[PDB]
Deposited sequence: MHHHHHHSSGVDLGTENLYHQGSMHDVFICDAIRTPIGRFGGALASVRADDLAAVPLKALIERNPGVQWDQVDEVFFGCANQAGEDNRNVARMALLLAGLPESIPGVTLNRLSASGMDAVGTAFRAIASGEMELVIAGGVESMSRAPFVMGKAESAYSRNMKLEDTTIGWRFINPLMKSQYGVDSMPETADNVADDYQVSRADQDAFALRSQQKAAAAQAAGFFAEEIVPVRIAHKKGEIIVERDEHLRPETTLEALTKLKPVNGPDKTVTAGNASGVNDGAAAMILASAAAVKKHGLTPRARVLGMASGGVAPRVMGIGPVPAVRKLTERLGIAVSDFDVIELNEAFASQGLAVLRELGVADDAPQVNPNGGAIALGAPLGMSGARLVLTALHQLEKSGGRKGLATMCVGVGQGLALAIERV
């Protein structure tokens, strides 16, 4: 088996729903980090790229019909380069990284690109075909996030809880208080505001140019103005006996990210800078109704196989779909609610979460943080709608 190295990595800013990136087609948005990789890495012979693997949760809109291939062509990569799109909802972009890793480790490829995209602003409506002539039963459904075309058998067996309902279920089952959720959310906002001011995100970001030209360069989901008092006043999404609010949850967002992965031979050939070795990826399943706890079996599976303890990681990038689930996962894994190595630059409550891009962001930001801190091993892990988790481990070199 072959060592696999993450090399350059870059992302767009993350836009708010209907905000700074809402006019940018998903395929064009995916192409932005690909074009930046080309510009940033002039020693690469681009016709040698073996594959572009991209995560995308939707695929009904301008991201239809294999957005990985659409994006590589729009980015100016040669038509000889193949592309494939992966869908594990919020974990899609991490699955692109781990799939790229397995292709190189198994000797099938040498040089690849992995990343992800989502334009939740531009997610379309969908309408099933008529099932009879002159049918009176036509319906439009929003694909921005969550259930559509509900199967009655899925509802009867597993339920079709909304994402916030699942987060309330985790809060109840794992006993995560509203006060702790809000404290976690505030720390995310404070840490993200500090990282933004320090120029940490700027080092990850390439601008999006929109045709005078408008240039989008800053993550705009952040709410640095957040106070505990303001969080406390919010009403829960699902009623007064519940805990999840708009303030202790991520949002729906737009963005894309990409990075290069390479064998040792490809690193040398293409003049790349190897930044981390990929150690491995593991997935896990849980009940849909408590999907937020999905990371726990994934992390345990990966760490047990690699012979690494959770405490051995110098950074943990844990997706913040909801504070209730971030906290429940940390507690289950034996990590403090405010452990210093967890989400040190904040996370999705502040930054937002374009589903397909989010997992690629967690890997690239974990690597970035290992470089800043001089850490060795990093873990990125996230929950998945309909009850999964994904975990991926890297080691700085």
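- Residues of the deposited sequence with no modelled C-alpha atom fall in the ranges 1-23, 235-237.
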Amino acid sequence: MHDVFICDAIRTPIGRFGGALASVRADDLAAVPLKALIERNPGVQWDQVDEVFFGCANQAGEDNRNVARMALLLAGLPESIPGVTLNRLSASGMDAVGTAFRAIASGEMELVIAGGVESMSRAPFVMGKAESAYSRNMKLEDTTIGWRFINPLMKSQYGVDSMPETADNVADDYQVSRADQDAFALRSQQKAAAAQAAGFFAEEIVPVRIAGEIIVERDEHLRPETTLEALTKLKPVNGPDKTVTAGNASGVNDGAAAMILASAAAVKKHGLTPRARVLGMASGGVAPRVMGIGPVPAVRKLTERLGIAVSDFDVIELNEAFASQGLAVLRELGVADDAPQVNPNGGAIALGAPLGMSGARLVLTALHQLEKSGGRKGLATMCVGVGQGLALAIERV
From here on, numbers count along this sequence of modelled residues.
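- Just going by the entry, 264-272 versus 184-192 on mean CA temperature factor gives the higher value to 264-272.
- Looking at mean Cα B-factors across 253-261 and 237-245, the upper value is held by 237-245.
- Of the candidates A100, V84, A123, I210, it is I210 whose Cα B-factor is highest according to the PDB record.
- By the numbers in the PDB entry, the CA B factor is greatest at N41 among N41, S358, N66, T365.
- Placement of the Cα temperature factor of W147 within the chain: middle third of the modelled residues, per the deposited record.
- When the modelled residues of the chain are ordered by C-alpha B-factor, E62 sits in the lowest third.
- In the deposited entry, the Cα temperature factor of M127 places it in the middle third of its chain's modelled residues.
- Remark: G387 belongs to the lowest third of its chain, ranked by C-alpha B-factor as recorded.
- In this PDB entry, the Cα temperature factor of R305 sits in the top third of its chain's modelled residues, the highest group.
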